[PDB]
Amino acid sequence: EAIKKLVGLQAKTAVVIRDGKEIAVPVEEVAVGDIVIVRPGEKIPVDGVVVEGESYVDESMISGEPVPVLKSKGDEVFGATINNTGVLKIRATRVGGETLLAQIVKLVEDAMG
């Protein structure tokens, strides 16, 4: 439920493109600037901006909106959201405690702490 469910929704792994090749890494190893590749059906692991591809993304777990949202080059995407329809390449813009999800968690933890 709620916040506890959100923490459980965070990605644990990512696939980054480094030195011209895909590498699967624990999500903690993703850096701002990394190019991440996300396949249809996979969780977007960090916040970022689409650099390649076009796909409907399911953001219901954060925004509560049941209808997925079209993401194309230049659009922002959020960690923990689910990529639905097409492969996306995304440049990471916020990772770790800086993601939207992490900021929500922090807001609640701080207020209730």
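All residue numbers are counted from 1 along the displayed sequence.
59-67 versus 26-34 - greater average Cα B-factor per the deposited record: 59-67 has the higher mean C-alpha B-factor.
Selected stretch [higher average CA B-factor]: 14-22 or 101-109: Looking at the recorded C-alpha B-factors, 101-109 comes out higher on average.
CA B-factor placement of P45, once the chain's modelled residues are sorted into thirds: Ranked within chain, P45 CA B lands in the lowest tercile.
Ranked against its chain, the third holding the CA B-factor of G53: For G53, whose C-alpha B-factor we compare with every modelled residue in the chain, the answer is the highest third.
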